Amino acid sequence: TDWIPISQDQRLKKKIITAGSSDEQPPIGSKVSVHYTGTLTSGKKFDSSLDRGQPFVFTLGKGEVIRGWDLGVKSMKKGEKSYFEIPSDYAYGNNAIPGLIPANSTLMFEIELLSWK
């Protein structure tokens, strides 16, 4: 698709790669399971759960992941695979994550919402 804005300022946005298996979206408090691939805006991959083969699990809306993931995954339907542009103020801000993410990074993510409970 073309870019779909998620945040009010439209700077957090996604393109749907694969439409979901249903129209269901996860409520806050859901323990969601996702597969993801993270890249810098150069296209350089820094992390992927597919390399490990284990989905990543977090509780939606708790603020225990970056804001762009809480907002972005809330926008997803069950089974959806989408591509997100996540500005630094929706990610790690001015922080570096040593060995992973340079300071002040826009992050790109492919995220597949596998399931939740």
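Quick note: we count residues from 1 along the sequence shown, nothing fancier.
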Checklist entry - Quick one: higher average CA temperature factor, 106-114 or 2-10? => result 2-10
Item to check | Mean Cα B-factor comparison, 84-92 or 22-30, giving the higher one as deposited | outcome: 22-30
Item to check | Per the PDB entry, maximal CA B factor within 78, 45, 35, 52 | outcome: 52
Checklist outcome for this item: Split the chain's modelled residues into thirds by Cα B-factor; residue 16 lands in the middle
Checklist outcome for this item: So, residue 62's CA B-factor, relative to its chain, sits in which third? The highest
